[PDB]
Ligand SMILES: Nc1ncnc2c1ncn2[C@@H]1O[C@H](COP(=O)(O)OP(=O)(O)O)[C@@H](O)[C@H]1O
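Taking the form solved without the ligand, here's one chain by itself in structure tokens.
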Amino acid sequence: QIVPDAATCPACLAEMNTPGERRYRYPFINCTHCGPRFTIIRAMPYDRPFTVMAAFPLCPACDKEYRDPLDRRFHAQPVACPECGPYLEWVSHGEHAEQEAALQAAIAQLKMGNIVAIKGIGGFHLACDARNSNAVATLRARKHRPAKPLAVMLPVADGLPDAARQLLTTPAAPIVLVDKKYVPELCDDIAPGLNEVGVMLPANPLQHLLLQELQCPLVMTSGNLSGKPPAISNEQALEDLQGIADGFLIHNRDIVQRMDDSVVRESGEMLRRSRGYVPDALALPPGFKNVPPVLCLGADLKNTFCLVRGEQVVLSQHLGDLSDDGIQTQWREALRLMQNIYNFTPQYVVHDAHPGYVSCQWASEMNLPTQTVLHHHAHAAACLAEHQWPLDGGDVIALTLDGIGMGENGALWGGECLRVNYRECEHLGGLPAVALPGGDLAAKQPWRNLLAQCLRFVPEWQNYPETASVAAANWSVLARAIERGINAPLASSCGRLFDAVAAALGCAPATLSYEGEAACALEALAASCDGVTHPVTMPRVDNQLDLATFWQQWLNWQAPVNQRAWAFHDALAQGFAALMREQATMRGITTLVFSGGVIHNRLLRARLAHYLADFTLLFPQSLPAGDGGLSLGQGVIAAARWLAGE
């Protein structure tokens, strides 16, 4: 049984910090309890010759420890020391150093406020002093990343809440999102416009050496070029990051598996499940047994695949956007190793009903029976599965809130009330479908969604101060395209409604730099309001929320921006609660399910829970509410259909 890549243990950290130890300051120290696992395995069985370490014959002292049954390094497969192992290399515009001198060059660069690329366990990071405004502005400039929050590595967890420290210090060593007020040392460009910062602890020997020396917070963000997957080879890091890093601290131990840092909230809520969790299998819910080998492809964004068999499922690491340049290489290596580990050969493939997906094209190429699952069905089913809802558990009413997923009959969904079981999804209602003006541009430019909302719902929309920029434009050409259905498909998208409101409030740039940016801004703004008496509502007309009434009341309720943002979250939750309550009570359903990336919104969760105290409420916690949990939902649905003899 292989275990996830594990944070350097206290015993290895002590050995590395003890002068006179053969492994004193050795940046590759590991033992049977810690070190890289999944990221250094070429093939099963887990044995040095089938790892990245086959290239490094052990010296006699290492070999004795590896063979000694009582030694902490007994069969530590990637074991090494300075004599026989990998070593550091420094590269910087015609400078070169090795070993300790390489480390020191990287340290000197970081202190002067430069950016260094650092080789990690599962890829490379870009690092700089997180207190240094200039360094962080430079990193943002070079990476064309003006807003997206940067992960920061702290030397210690001191000063953080108990819950954060506990998560930070596990073998998994995730990034943990923490209120930025706990970390005043960070410059303001770490998470601009947001209330939280992703903090992490050193969890490999190199990181410990760096933070021990530096004693300050360090930006520790993914070493990628935008639109590409992270580099895993030195040669790819050097190419990809040349415009960005001032120098490169690399080494000659290969990484074979892309494995990003995991990301959780302090509350324990899973956002991205990679390093430290993969490749642990999970038990399927009660009633799922003897399941055939099923490969589930997930969806195109925030991708994970899932292998289902027997009574367990195993999810891949996060693979990101499947449209990125050469992402198939990493996706396929992950699939090869995962199938090798679990001796798995699929008999069935499951993928999303969206016919334009890359993953769906990959599924067509496998020579296996294929079946599709609706995106929002899979969201709801992943949440059910996580909560161990039995195979014969009964129907729930589900609320699935996201950006875009293909619904029934070619409709674009994103804000739906559904009657769900593992085998069935019936659409009951939700948000009205509203045009996406300019198609893919709608997700990048919030004003487009405000325009689309106003055209549909707001008489004399041009007269409100909140629509001024849109009104000033020649918006009428777009209005014409919307009318004629020219690259303006209808979507009942909760994400785009967020964007429209954010556009009206001016709390995001006119053009976004990352997906979800306007919605994150709006949530961060609403979060500073502790609740307010307000008249804004979203009534229900049939089984849809009445946005005409919402816009009329919201646009005409002047108040501080945070309270306007709060009132929107509150009205949206109340409106969806009323829909779900009617649907569930009249079917004798007592349990409600929530999923989709928008359900990551804390305030919405809280308002929903507030309004729905008369129901058992199921929210995602150990898998992402977003597309990262989707493959699991596809897998339980396929399994349930198979178990029913369909």
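For every residue, the number given is its place in the sequence shown, counted from 1.
Keep in mind that the form solved in complex with the ligand is not shown, yet the notes after this line are about it.
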ask   = Does the 4.5 Å heavy atom contact test between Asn601 and the ligand in the deposited bound form come out positive?
value = yes
ask   = Wondering, does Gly403 line up within 4.5 Å of the ligand in the deposited bound form on heavy atoms?
value = yes
request  = Classify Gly113 as contacting or not contacting the ligand in the deposited bound form by the rule of any non-hydrogen atom within 4.5 angstroms, answering yes or no.
outcome  = no
request  = State yes or no: in the deposited bound form, is some non-hydrogen atom of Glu523 no more than 4.5 angstroms from a non-hydrogen atom of the ligand?
outcome  = yes
query = For the chain shown here without its partner, which stretch in 473 to 481, 489 to 497, 241 to 249, 77 to 85 has non-hydrogen atoms within 4.5 angstroms of the ligand in the deposited bound form?
reply = 489 to 497
inquiry  = Can you pick out, from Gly516, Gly438, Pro171, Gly393, the residue that has a heavy atom within 4.5 Å of the ligand in the deposited bound form?
reply    = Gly516
ask   = Heavy atom within 4.5 Å of the ligand in the deposited bound form: which of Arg131, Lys302, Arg423, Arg165?
value = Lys302
key: Those residues of 368 to 386 which, in the deposited bound form, come within 4.5 Å of the ligand by heavy atom   = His375, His379
